[PDB]
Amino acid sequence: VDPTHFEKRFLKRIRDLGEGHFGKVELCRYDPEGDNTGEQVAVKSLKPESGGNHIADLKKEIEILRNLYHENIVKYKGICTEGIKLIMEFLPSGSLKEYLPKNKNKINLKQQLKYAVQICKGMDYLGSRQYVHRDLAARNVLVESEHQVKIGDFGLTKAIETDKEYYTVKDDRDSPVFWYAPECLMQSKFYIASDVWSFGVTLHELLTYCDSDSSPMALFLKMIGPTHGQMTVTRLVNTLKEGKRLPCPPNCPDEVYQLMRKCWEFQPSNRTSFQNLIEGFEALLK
């Protein structure tokens, strides 16, 4: 028996956990014994279509996640082969986006900063292994417990070539533009420092308990105009070049806001590092 080999005949679909353009993530029970006692798992699969081989990308995502081992990175469980399905642990609390709005009374600033540290430890591990995530947002941060988060999705993750500072693409811009650094929006280049920018926006989300009326998309559209359509991104790049940033979350101490501002230095080289963030948060927690 290979315990990472999940037979289709035993993998029972329960419900959708999410959708994207090219695929979905479903709650399944792997129930070899057929009595509903099998373990619940999360299952990423492509909708039958995926031309610009989404299959090749999913296979590379599976290979990335199989070889990540960190307590703040969602666990690989295995595959289901037919087309292929990525099986992961199921975290029934879901993302910070579903959990924080329901648990503000539970999650105070101290716990928010611990979650901030744990995201940074995840992200520093992925950086150490020469990857750029390119999609760091609260919707991609899963709640293991009141005390623990894990980065839960690697759909856009890429290897930076050895002796390169960044990864270029212009694949499929369903891009999360309200999470992206200017060098990402302007020149489709992604540095580790780009994920640090993305982390500052995710920190803002965590500090606003992912309220939809304070979302980075809501607040940016207020700054530039909810109009604009095909002009949005320029207008956003314009806003950033003028030095405009997301405002301090209500009740966020200036010293936390100042760590978030260091994520948002226009030049990648001018940005804080994940290691420095962990230090600044740990300082604030003592």
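Note that residue numbering begins at 1 and tracks the sequence as displayed. In this text, the rigid core denotes the largest set of C-alpha atoms whose superposition between the two forms falls within 1.5 Å.
Participant: Determine, for 17-25 and 269-277, which one has C-alphas that on average lie farther from this form in 9 other deposited structures of this protein; superpose on the rigid core first.
Facilitator: After the core superposition, the stretch with higher RMS deviation in 9 other deposited structures of this protein is 17-25.
Participant: So, in 9 other deposited structures of this protein, taking the root mean square over structures and residues of the Cα distances after a rigid core fit: is 229-237 or 257-265 the more displaced stretch?
Facilitator: Once the cores are fitted, 229-237 deviates more in 9 other deposited structures of this protein.
Participant: Other compared entries: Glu242 unbuilt in at least a third?
Facilitator: Residue status for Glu242: no gap in any other entry.
Participant: Among other entries of this protein with both neighbours modelled, does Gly51 go without coordinates in a third or more of them?
Facilitator: Yes; at least one third of the other entries leave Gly51 out.
Participant: According to the entry, how many residues of the deposited sequence fall between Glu82 and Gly83 and are not modelled? Options: none, 1 to 3, 4 to 9, 10 or more.
Facilitator: According to the record, 4 to 9 deposited residues lack coordinates from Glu82 to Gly83.
Participant: If you average the Cα B factors in the entry, which is higher, 171-179 or 126-134?
Facilitator: Mean CA B-factor is higher for 171-179.
Participant: On average, which has the higher Cα B-factor in the deposited entry, 233-241 or 40-48?
Facilitator: Stretch with the greater average CA B-factor: 233-241.
Participant: By the CA temperature factor listed in this entry, which of these ranks top: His70, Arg66, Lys60, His54?
Facilitator: So the option with the highest C-alpha B-factor is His54.
Participant: Looking at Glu144, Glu98, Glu165, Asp211, which has the highest CA B-factor as recorded?
Facilitator: Of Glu144, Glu98, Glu165, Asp211, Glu165 has the highest C-alpha B-factor.
Participant: Taking the entry's C-alpha B-factors for this chain, is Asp35 in the lowest, middle or highest third?
Facilitator: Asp35: CA B-factor falls in the highest third of its chain.
Participant: Please place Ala193 in the lowest, middle or highest third of its chain by C-alpha B factor as given in the entry.
Facilitator: Tercile = middle for this residue's CA B-factor.
Participant: Please place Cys120 in the lowest, middle or highest third of its chain by C-alpha B factor as given in the entry.
Facilitator: Lowest third, going by the recorded CA B-factors of the chain.
Participant: Which third, lowest, middle or highest, does the C-alpha temperature factor of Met186 belong to within its own chain?
Facilitator: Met186: CA B-factor falls in the highest third of its chain.
Participant: Grab the CA temperature factor for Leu113 from the record and place it in the lowest, middle or highest third of its chain.
Facilitator: Lowest third of the chain for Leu113's C-alpha B-factor.
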